[PDB]
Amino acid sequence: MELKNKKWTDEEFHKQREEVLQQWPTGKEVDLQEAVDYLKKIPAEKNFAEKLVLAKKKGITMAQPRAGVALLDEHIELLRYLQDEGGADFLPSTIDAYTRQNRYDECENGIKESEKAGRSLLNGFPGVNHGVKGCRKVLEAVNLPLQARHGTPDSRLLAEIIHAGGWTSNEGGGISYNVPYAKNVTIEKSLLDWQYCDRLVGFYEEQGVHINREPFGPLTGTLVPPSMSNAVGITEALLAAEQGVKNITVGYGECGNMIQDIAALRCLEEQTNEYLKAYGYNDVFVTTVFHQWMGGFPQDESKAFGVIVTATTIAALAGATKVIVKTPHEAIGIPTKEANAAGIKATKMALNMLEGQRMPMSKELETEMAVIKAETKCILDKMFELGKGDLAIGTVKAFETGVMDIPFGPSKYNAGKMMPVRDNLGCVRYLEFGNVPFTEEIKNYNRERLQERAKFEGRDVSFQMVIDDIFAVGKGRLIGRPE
């Protein structure tokens, strides 16, 4: 297939489906006619798109954990605990990393070893191996909407299975589920394969079945400047809407400066709506998800609560529709159900302690918002230029030329030239610009802000500051100060 930002025809989409469903024997359990009927029978309280609408209307932030284990019954018991004891508003199913690399043979071995060991040797739920039948058992055992959360360059079959399995949201995108999650996958291929995932949701919407799609804002979770992260999210939203997706949650990973994070989430939401309307997508329901600190966590569990709950306070004051819950086991390993529930309870407590409260507008916030919108528009303008008006082609050439560049991304198709670092108040700025197409005025503001940190710390801004910032939160503070 050639890559073009255009809705696949029904015929072209059907041809792809028939190939994709053959990639594992559980694909034979996907019956689009039957799945539509099953999806339409799901109560609204368990439909992710409809509950997001509810959250927007009521102006509340919903808490969603991450969670997944190899075996079906243990996974169900896990999700039931996070629902019942944790108080989750949405439920995940986090997919294991073998599935994300399409290694269902290794999934199966991991399943058997997990059975033998009495504990999960997989780092998530192998949804392709458990098939439509298993994913439905998960949905039928819980009372909350379910969303696949993962990190999969080629998610086509996983998407067929989890949607037919009644999970009414799929997370990911052709950029955000490639560059942080792969090394050898071309941007062109991941975009094409994520066109399939968006097109499947488009098909379902055309039958009246509402399914949420959530681009993965945080990317590498390591000092991603808001404007580069927002440019990715806006791009993936536009690419999804073209394939017929109607319900989109754009996401952002916390950087830690409250004003910057609130500016970012508002710019993300405002410019996502603006760009969707500019390009003729007039019936897309946009929500936001704020991810609690996605960098290295401190190992001390009390300090972990300090990160979890400050992060939640930022999410609540930003007016995030959703917040993703970190746990006090973040530094160590996949959380126990008790550690996860602990994080959920602390998060929802914080949310209820902040009911209805929003950061009011200020000069400082409006200034940071204009910075981010200007920086994001530089990147997106150049992408449309490079693609000669086609955003999907422009994304490929943007990565080829370093116009879009994700810090620390393992993908060999990521230039790895742009370098981020915090300023003196902890705002993530651009240290090295690479080929990121900023005006001199925008570059000067980044340098001005960084120079204040050089003055305060008595040292030149440098990659050592970047390393310090990478370790700072794990060592107990936001900013990587000397010593």
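Start at 1 with the first residue shown and count on from there.
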> According to the deposited model, is the average Cα temperature factor higher in 380-388 or in 191-199?
Replying inline: 380-388
> On average, are the C-alpha B-factors higher in 267-275 or in 110-118?
Replying inline: 110-118
> Highest Cα B-factor in the PDB entry belongs to which of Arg66, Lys51, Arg449, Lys417?
Replying inline: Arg449
>> Can you tell me which of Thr152, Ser169, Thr186, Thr249 has the maximum CA B-factor listed in the PDB entry?
In response: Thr186
>> Looking at the temperature factor on the CA atom of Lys303, which third of the chain's modelled residues does it land in?
In response: middle
> Compared with the other modelled residues in the chain, in which third is the CA B-factor of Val473?
Replying inline: lowest
> According to the PDB entry, is the CA B factor of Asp405 in the bottom, middle or top third of its chain, that is, lowest, middle or highest?
Replying inline: lowest
>> What third of the chain does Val421 rank in for C-alpha temperature factor, lowest, middle or highest?
In response: lowest
>> Quick check on the deposited entry: does the C-alpha B-factor of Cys427 sit in the lowest, middle or highest third of its chain?
In response: middle
